[PDB]
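Quick heads-up: it's one chain on its own, the form deposited in one PDB entry, in structure tokens.
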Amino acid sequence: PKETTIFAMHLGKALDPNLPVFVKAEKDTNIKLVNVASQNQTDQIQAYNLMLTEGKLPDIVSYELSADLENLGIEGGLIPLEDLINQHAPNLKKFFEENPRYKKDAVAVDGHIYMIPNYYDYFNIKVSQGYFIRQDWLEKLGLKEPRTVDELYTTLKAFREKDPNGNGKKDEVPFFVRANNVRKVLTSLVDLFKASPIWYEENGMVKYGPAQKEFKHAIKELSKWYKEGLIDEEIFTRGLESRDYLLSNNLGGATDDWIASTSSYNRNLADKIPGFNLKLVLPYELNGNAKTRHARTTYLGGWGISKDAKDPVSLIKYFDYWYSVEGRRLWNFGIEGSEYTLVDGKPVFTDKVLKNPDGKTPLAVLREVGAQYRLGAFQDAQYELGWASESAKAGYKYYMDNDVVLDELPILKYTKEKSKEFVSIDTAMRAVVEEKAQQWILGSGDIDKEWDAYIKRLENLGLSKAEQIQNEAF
């Protein structure tokens, strides 16, 4: 065993190296992680920024924001990995040969690799969230499946007014989302209206979604729907438990959320709510547009080796372990004999994952054992196919075949100087967007009177300078 310090968090939770997956990795690698993030920290961004101030860097630095990792590397806080990989990491070396896009994702603008991304299995599943509705409530109310945003409005109003859960109470929550910050609330609300709260691509050009006319229209409509009780009153204040809470209590009528986990509730709730059918639909059309911008990026965050690590060779071998057949299987599937067994040589999940007795989704079970824990690993779509229901599996194909998903932006890279300029604009604009969007949706103020002042407000923070940086990076 080697004590190896790490800064690692994901989904609000510091890595516990005694989770089943990491106990197995420790046994296979002789690397014993010790986390410098503590079990009480939940805000990964603030924990990371604080961690940079605390003297020596941990041996391994994992982080959800890859530009900050490349900046740390340009400053000399993380070391270049590409020669270590060449000499000592045959699995990563092979992976970079077989995957040009992923290799390009790992190279900073100065030509060094400062981090190994945590890659989605992007070329096998790139769809992410999809639109779902209570087909059993549609049938109960004799309603057609809505296809346009206007039809969705009519349906959600019916869900609010007509007691589809049959209890004589006006408790229905027609539309809800699942989010742990305001940006992610907006993400699952404004895409209905073909708007975006982030930067996106239009024909090779990068634009800022909150400055676009579609966003104004999205906020105006959401304001109306919120006043009429069509949108969850508590939309900005629930955490990630919203979906479990609203579905298991038979309150939620419709959502926009990840396809496999959201599809898991039909089987999960089949006994507590007879006939529960939360069904995938294609994105609703608005003025001829049937597209969704919900898509995976090629990766999310990454991890690197700091200049303070006394044995960087043994750490790149640790990084490489996760790209071996057994390491990548462990990271994705959990523990052989517990989460899965090998059937005809390939993992098949057990009832512990597929039919959890407390009603956890399969993914929530896997996260409990330390699987899918974002670091610098390569997700295997065979794991997602392993637990996805038949209707989730058909639904990836339904979204792909109908061509409704717009590809996400590549993760953009910067020099350290351009990153510093961009974030001082981008983070300030973010705060304005989130302040005004909540204010407008919650019904204070008036977007029509206020829009032009808001746009000017973004411009005065440097909107056009950030637009220039984003287009140079793309």
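In this text, residue numbers run from 1 along the sequence as written.
When the two stretches 249-257 and 113-121 are set side by side, the higher mean Cα temperature factor goes to 249-257.
Note on 293-301 vs 141-149: mean CA B-factor is higher in 141-149. Taking only the listed residues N167, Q379, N99, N203, the entry reports the highest CA temperature factor at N167. Taking the deposited Cα B-factors for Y383, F132, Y265, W322, the highest one is held by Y265. Sorting the modelled residues of the chain by their CA temperature factor places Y414 in the middle third.
Residue-level temperature factors show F236 in the highest third of its chain, judged at the C-alpha atom. When the modelled residues of the chain are ordered by C-alpha B-factor, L315 sits in the middle third. Among the modelled residues of its chain, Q470 has a C-alpha B-factor that falls in the lowest third, as given in the PDB entry. Among the modelled residues of its chain, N40 has a C-alpha B-factor that falls in the highest third, as given in the PDB entry.
Beyond the structure shown, there is the form deposited in another entry, which is absent from this document and is the topic of what follows.
Summary of the rigid-body analysis between this form and the one not shown: the C-alpha atoms of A290 and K194 are best fitted by the same part's superposition.
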